[PDB]
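Listed next as structure tokens is one chain, alone, in the form deposited in one PDB entry.
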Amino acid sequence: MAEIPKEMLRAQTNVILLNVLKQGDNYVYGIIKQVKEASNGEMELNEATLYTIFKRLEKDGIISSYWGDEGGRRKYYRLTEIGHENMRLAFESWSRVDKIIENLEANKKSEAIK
């Protein structure tokens, strides 16, 4: 079928959460709240989905966590320096993909004239 597959869906959630963190260190609750506001109430993530994703991100060295303060202590997550680098390299990589796509279209268009 044509539906967005679970690998692309996971890639999409990833990008959103990594962009939340890129704006500022945040705790799970705050993160979910921010995404809900930014999706106009339509994307309200399950905290378990964040924990699943953060597990792997933390394991990969892309985010880390630390405790806030108190009435009660919060766990903050943060984009690491390698996280930030990764995001830049991914922007650049995919920007090159887009140029290759651009060129495939241009060559098709130009070879049709000729």
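In this text, residue numbers run from 1 along the sequence as written. Only residues modelled in both forms are compared. What we label the rigid core is the largest C-alpha set whose atoms superpose within 1.5 Å from one form to the other.
- Residue 85, modelled here, also has coordinates in every other compared entry of this protein that models residues flanking it, well short of the third needed to call it frequently missing.
- Judged by the one-third criterion across other entries of this protein, residue 74, modelled here, is also modelled in every one of those that cover both its neighbours.
- Gap check for residue 70 to residue 71: 1 to 3 deposited residues are absent from the model.
- Once the C-alpha B-factors are averaged per stretch, 29-37 and 71-79 rank with 71-79 first.
- A summary of the deposited B-factors shows that, of 8-16 and 102-110, the stretch with the larger mean C-alpha value is 102-110.
- In the deposited entry, the Cα temperature factor of residue 45 places it in the highest third of its chain's modelled residues.
Omitted from view is the form deposited in another entry, to which the following refers.
- Comparing the forms between this form and the one not shown, the C-alpha position of residue 23 differs by less than 2 angstroms, with the core used for superposition.
- The rigid-core alignment places the CA of residue 12 less than 2 Å apart between this form and the one not shown.
- Moving regions between this form and the one not shown, defined as 3+ consecutive residues each with a CA shift of at least 2 Å after core superposition, come down to one: 92-106.
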